[PDB]
Amino acid sequence: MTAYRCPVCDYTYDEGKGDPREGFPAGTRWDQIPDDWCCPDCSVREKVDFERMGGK
(Lines give C-alpha, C1' and ligand atoms only; values in the text may rest on other atoms or scores of the structure.)
Protein backbone atom coordinates (compact mmCIF):
# COMPACT_ATOMS: atom_id res chain seq x y z
CA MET A 1 0.00 0.00 0.00
CA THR A 2 0.99 3.64 -0.46
CA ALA A 3 1.86 5.90 2.48
CA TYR A 4 2.79 9.58 2.30
CA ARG A 5 3.70 11.21 5.62
CA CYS A 6 5.27 14.68 5.59
CA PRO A 7 4.21 17.16 8.30
CA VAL A 8 6.83 19.55 6.92
CA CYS A 9 4.28 20.63 4.31
CA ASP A 10 0.89 19.29 5.39
CA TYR A 11 -0.73 16.78 7.73
CA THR A 12 -0.10 13.10 7.04
CA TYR A 13 -2.86 10.65 6.13
CA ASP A 14 -2.24 7.12 4.85
CA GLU A 15 -4.60 5.53 2.32
CA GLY A 16 -5.81 3.02 4.89
CA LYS A 17 -5.64 5.64 7.63
CA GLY A 18 -9.28 6.63 7.27
CA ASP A 19 -9.39 10.41 7.64
CA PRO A 20 -12.75 11.57 6.24
CA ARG A 21 -12.26 14.82 8.15
CA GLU A 22 -9.87 16.03 5.45
CA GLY A 23 -12.41 15.35 2.73
CA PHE A 24 -10.80 11.96 2.15
CA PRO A 25 -12.83 9.11 3.70
CA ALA A 26 -11.87 5.43 3.75
CA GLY A 27 -10.81 4.15 0.35
CA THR A 28 -9.87 7.61 -0.89
CA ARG A 29 -6.56 7.05 -2.67
CA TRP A 30 -3.72 9.52 -2.11
CA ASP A 31 -3.99 10.34 -5.82
CA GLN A 32 -7.49 11.66 -5.09
CA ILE A 33 -6.02 14.73 -3.39
CA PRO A 34 -5.55 17.68 -5.79
CA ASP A 35 -1.93 18.60 -6.51
CA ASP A 36 -3.10 22.21 -6.41
CA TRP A 37 -3.91 21.94 -2.70
CA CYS A 38 -3.35 25.04 -0.56
CA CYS A 39 -1.51 24.69 2.75
CA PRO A 40 0.32 26.94 5.25
CA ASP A 41 3.59 25.01 5.30
CA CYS A 42 3.38 23.30 1.91
CA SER A 43 2.80 26.80 0.54
CA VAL A 44 6.59 27.11 0.52
CA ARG A 45 7.48 23.41 0.57
CA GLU A 46 6.94 21.39 -2.61
CA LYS A 47 4.49 18.48 -2.48
CA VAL A 48 7.11 16.05 -3.79
CA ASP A 49 9.13 16.79 -0.66
CA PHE A 50 7.14 13.98 0.97
CA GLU A 51 8.84 10.68 1.79
CA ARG A 52 7.16 7.32 1.22
CA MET A 53 7.51 4.92 4.15
CA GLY A 54 8.54 1.27 4.04
CA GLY A 55 7.85 -0.84 7.10
CA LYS A 56 6.64 -4.37 7.80
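Up top you'll find the structure we're talking about.
One structure accompanies this document, and this report is about it.

A few points about the packing of aromatic side chains
Here is step 1 of the chain: For the structure shown, the criterion picks out 4 aromatic pairs.
Here is step 2 of the chain: A centroid spacing of 6.1 Å and a plane angle of 45 degrees characterise the contact between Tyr 11 and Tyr 13, whose relative ring orientation is tilted.
Here is step 3 of the chain: For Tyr 13, a relative accessible area of 28% gives the class partly exposed.
Here is step 4 of the chain: With 5.7 Å between their ring centres and 50 degrees between their planes, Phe 24 and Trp 37 make a pair best called tilted.

What to know about the pattern of salt bridges
Here is step 1 of the chain: Across all of its chains, the model carries 3 salt bridges by this definition.
Here is step 2 of the chain: With a closest N to O distance of 3.9 Å, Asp 35 and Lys 47 form a salt bridge.
Here is step 3 of the chain: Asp 35 gets classed as exposed once you look at its relative accessible area, which sits at 67%.
Here is step 4 of the chain: Under the relative-accessibility criterion, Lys 47 is labelled partly exposed at 28%.

A closer look at the nonpolar core
Here is step 1 of the chain: One finds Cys 6, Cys 9, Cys 39, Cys 42 and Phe 50 forming the largest nonpolar core, which totals 5 residues.
Here is step 2 of the chain: Dropping the residues within four chain positions of it, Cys 39 is found in contact with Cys 9 and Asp 10.

A few points about the state of the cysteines
By definition, a disulfide links the sulfur atoms of two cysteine residues through a covalent bond.
Here is step 1 of the chain: Taken as a whole and assessed by the stated rule, the structure comprises 0 disulfides.
Here is step 2 of the chain: Left unpaired, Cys 9 is separated from the closest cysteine sulfur, that of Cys 6, by 3.6 Å.
Here is step 3 of the chain: Taking the relative accessible area as the measure of exposure, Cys 9 reaches 2% and is therefore buried.
Here is step 4 of the chain: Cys 39 provides the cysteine sulfur closest to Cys 38, a residue in no disulfide bond, and the two sulfurs are 8.1 Å apart.
Here is step 5 of the chain: Note on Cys 38: relative accessible area 71%, which makes it exposed.

Examining the environment of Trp 37
Here is step 1 of the chain: In this structure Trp 37 comes out as partly exposed when scored by relative accessible area, which is 36%.
Here is step 2 of the chain: When the C-alpha positions of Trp 37 and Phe 50 are compared, they lie 14 Å apart, and in sequence the two are 13 residues distant.
Here is step 3 of the chain: Excluding residues that lie within four positions of it along the chain, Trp 37 makes contacts with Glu 22, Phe 24 and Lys 47.

The rules we used
- Residues numbered from 1 in each chain as written, not as in the entry; some residues may be left out.
- Heavy atoms only, no water.
- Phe/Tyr/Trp six-rings, centres within 6.5 Å; stacked < 30°, edge-to-face > 60°.
- Buried < 20%, exposed > 50% of the residue type's maximum accessible area, 1.4 Å probe, protein only.
- Salt bridge = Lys/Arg side-chain N within 4 Å of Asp/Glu carboxyl O.
- Core = buried A, V, L, I, M, F, W, Y, C linked by side-chain atoms within 4.5 Å.
- Contact = heavy atoms within 4.5 Å.
- Disulfide = S-S within 2.5 Å.

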